[PDB]
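Just so you know, ligand 1 is whichever comes first in the structure, and atom 1 is the first atom listed for that ligand. Throughout, numbering of the chain's residues begins at 1 and tracks the sequence. As a basis for the values below, the full set of heavy atoms in this structure was taken, side chains included, without hydrogen atoms, waters or symmetry mates.
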Amino acid sequence: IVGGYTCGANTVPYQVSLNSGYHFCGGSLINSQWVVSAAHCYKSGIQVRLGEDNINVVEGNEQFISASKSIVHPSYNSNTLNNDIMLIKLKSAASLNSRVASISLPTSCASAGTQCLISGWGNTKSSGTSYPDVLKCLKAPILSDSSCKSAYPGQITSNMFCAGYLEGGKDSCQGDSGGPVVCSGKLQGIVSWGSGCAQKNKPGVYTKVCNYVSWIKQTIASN
Ligand SMILES: C[C@H](/N=C/c1cc(NC(=N)N)ccc1O)C(=O)O
Ligand SMILES: [Ca+2]
Ligand SMILES: [Cu+2]
């Protein structure tokens with residue numbers, strides 16, 4: 001997260017860290033046994049870490065649970081990043097509490113202009129590299145469909161939406177990948193892609209979760 005703020009320990013209870021010997025992606029807890037992340041974050045040997053703030057220090061509220069199954073969307077296209085969503089099932093149910101909680105899935109898509117909360121442990125530099133140990137947060141508005149398509153000609157599908165600031169300075173970045181974009185208390189987006197970080201006229205692009213609720217529900221209903 002570039003140009004954001006320190007969230008505050010466990011203030012984003014649904015935020016998870018995907019670990020494969022190190023933090024490599026974010027994710028969102030949608031219920032005690034399932035996590036929603038980006039399909040491009042896929043890899044084997046994933047351990048889901050919940051209740052995390054500083055990912056390099058055991059602070060006492062964490063829950064480490066290995067993934068038992070990963071399900072990348074059937075139509076995920078890594079070339080275009082269309083359908084960049086993946087479900088991860090935990091080997092065991094997480095113990096839900098005040099610091100580890102699920103985030104509700106949307107019933108309707110978010111409206112352009114809505115201010116959402118983006119979070120993660122990704123790069124905090126626009127030009128250069130610096131990874132925080134504690135969770136970072138960013139308040140960012142959903143940009144217009146028109147502005148999004150103009151920023152990335154011929155690359156924005158109906159399963160994507162842009163959020164951020166065209167003037168640059170505030171954006172998600174490498175490492176926040178797979179993380180949440182919450183608007184009005186609903187998981188409306190997944191940190192997916194963009195062009196660099198916090199660059200002018202190049203806002204972050206996010207997977208439009210509201211288009212996948214049927215697939216998510218059917219999938220967790222049979223797995
Ligand atoms: C590191 C690289 N992902 C970069 C990445 C960048 C953004 N942000 C942005 N350009 N505004 C969001 C999600 C991402 O996964 C990768 O998958 O190898
Ligand atoms: Ca920790
Ligand atoms: Cu990425």
(request) Using a cut-off of 6.0 Å, state whether more than 12 heavy atoms not belonging to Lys125 lie near its atom NZ. (result) no
(request) For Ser195, take its heavy atoms, then give the atoms of ligand 1 lying under 4.0 Å from any of them. (result) 10 (N)
(message) Please classify the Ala198 to ligand 1 contact at 4.0 Å (heavy-atom distances, strictly less than): side chain, backbone, both or neither.
(response) neither
(message) Taking NZ in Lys43 as the centre, count heavy atoms belonging to other residues, nucleotides or ligands within less than 6.0 Å. Is the count above 12?
(response) yes
(request) Note the single closest protein heavy atom to atom 10 (N) of ligand 1, along with its residue, its atom name and the distance in Å. (result) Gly196 O, 2.4 Å
(message) Closer than 3.0 Å to the Ca ion (ligand 2): does that hold for any N, O or S atom in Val57?
(response) yes
(message) For atom 6 (C) of ligand 1, tell me which residue out of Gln174, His40, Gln199 has the closest non-hydrogen atom.
(response) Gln174
(request) Compare all side-chain heavy atoms of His23 with those of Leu18 and state whether any distance is below 4.5 angstrom. (result) no
(request) Test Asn223 against every option in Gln218, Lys69, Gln33, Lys89 by the side chain to side chain donor-acceptor pair (under 3.5 Å) rule and name the one that passes. (result) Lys69
(request) For ligand 1, find out whether one of its N or O atoms is nearer than 3.5 Å to an N or O atom of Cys197. (result) no
(message) Distance under 4.0 Å to a non-hydrogen atom of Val191: what atoms of ligand 1 satisfy this?
(response) 12 (C), 13 (C)
(request) Specify side chain, backbone, both or neither for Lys202, according to which of its non-hydrogen atoms lie closer than 4.0 Å to ligand 1. (result) neither
(request) Establish, yes or no, whether the cationic atom of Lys170 lies under 6.0 Å from the six-membered ring centre of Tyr165 and within 45° of the ring axis. (result) yes
(message) Under a 4.0 angstrom heavy-atom cut-off, which atoms of ligand 1 come close to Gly194?
(response) 9 (C), 10 (N), 11 (N)
(request) Indicate if the distance from the Cu ion (ligand 3) to the nearest N, O or S atom of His40 falls below 2.8 Å. (result) yes
(request) Can you confirm whether something in the protein, heavy atoms only, sits under 4.0 Å from atom 18 (O) of ligand 1? (result) no
(request) Take the angle between the ring planes of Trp215 and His73 and call it parallel below 30°, perpendicular above 60°, tilted in between. (result) tilted
(message) Looking only at N, O or S atoms in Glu52, which is nearest to the Ca ion (ligand 2)?
(response) OE1
(request) Could you grab the angle centred on the Ca ion (ligand 2), going from O in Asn54 to OE2 in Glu62, to 10°? (result) 160°
(message) the Ca ion (ligand 2) and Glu59: any N/O/S contact shorter than 3.0 Å?
(response) no
(request) With heavy atoms under 4.0 Å as the rule, classify the contact between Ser192 and ligand 1 as side chain, backbone, both or neither. (result) backbone
(message) Any nitrogen or oxygen of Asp171 lying under 3.5 Å from a nitrogen or oxygen in ligand 1? Just yes or no.
(response) yes
(request) Could you list the atoms of ligand 1 found under 4.0 angstrom from a heavy atom of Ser177? (result) 3 (N), 5 (C), 13 (C), 14 (C), 15 (O)
(message) Tell me whether the count of non-hydrogen atoms from other residues, nucleotides or ligands lying under 6.0 Å of CG in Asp133 goes above 12.
(response) yes
